[PDB]
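Just the one chain here, laid out as structure tokens, in the form deposited in one PDB entry.
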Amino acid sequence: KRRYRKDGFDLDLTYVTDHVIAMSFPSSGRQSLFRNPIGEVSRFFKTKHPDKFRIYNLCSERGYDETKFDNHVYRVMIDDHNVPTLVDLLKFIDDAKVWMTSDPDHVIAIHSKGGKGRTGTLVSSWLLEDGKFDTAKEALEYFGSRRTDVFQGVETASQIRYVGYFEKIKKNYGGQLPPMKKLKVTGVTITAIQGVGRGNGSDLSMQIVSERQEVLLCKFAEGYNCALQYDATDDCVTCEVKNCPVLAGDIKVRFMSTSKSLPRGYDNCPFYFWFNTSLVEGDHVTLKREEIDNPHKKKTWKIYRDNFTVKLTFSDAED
């Protein structure tokens, strides 16, 4: 188990490396799910790494008394089962890099609620930055082998994607954001639709979210900002998307259903994903089952079949 039971401490805490710690939330309130008493976590860092630690809180949902950590806490606002913006991810990387380069004995402790999904995203990103790994896949697998025992380390497909994005940023874009590409979504295509909701796209709606605001809503059956086509022969739906505003940066696409058959997973919906417009190649992005948030869980694999995919078609909106 990922339980630290050494030197008179008992904490949900992992040394991923000698200087990089992953842990769950340092709690003080009512006993709920995850349970690291903040007094003990603070005692740990003050005893084991005096004046040489920095704590990263990745929860958008909850802060705490940071003076328990002598005010050495940096917050990254990420929603549970979601991803940081690439802007925020790079910000974090730079902060950690400055901190770590200043003293070889400096440590960083990254936490979220469980110290799983969000924590794994930034831990694996840091490990790429520090050069321990050269691919996202290996960094993620390492986090999994050290902490979560999940094969790919993190909780969602978008989390996997975003560590991949960081790898691309380091390798192809000199550690900085790629040149911005502005896009409009003009279509969405979903394959292997039978058995998903009403099996014909009629139950489905799609919400596009940018900077924590809804920027487009499409309701398929109704033709609300769209025009649905169902082809039974190809077991797919094709939906023309109308009136999409110019999209830039990190975009969250959520699919909702009026269907009672289709279960909700993370993010209070059947399936969703994040992508970044600047890392889109060509005029589409296509995601397989394992690349979509919620269908990526094997528990859903008799609903989302092996050929379940979602494709967004884009137009260039640079002008």
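If you superpose the two forms and keep the largest set of C-alpha atoms that fall within 1.5 Å, you have the rigid core. Only residues modelled in both forms are compared. When you see a residue number, it is the position in the sequence shown, counting from 1.
The same protein also has a form deposited in another entry, omitted here; what follows describes it.
Here the rigid core is superposed between the shown form and the other one, and of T258, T286, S32, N268 the C-alpha of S32 is the only one to shift by 2 Å or more. Once you line up the core between the shown form and the other one, the Cα of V154 ends up 2 Å or more from where it was.
One change in the other entry concerns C59 and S32, whose Cα atoms lie at least 3 Å farther apart than in this form.
In sequence order, the regions between the shown form and the other one where at least three consecutive C-alphas each move 2 angstroms or more after rigid core superposition are 29 to 34, 149 to 155.
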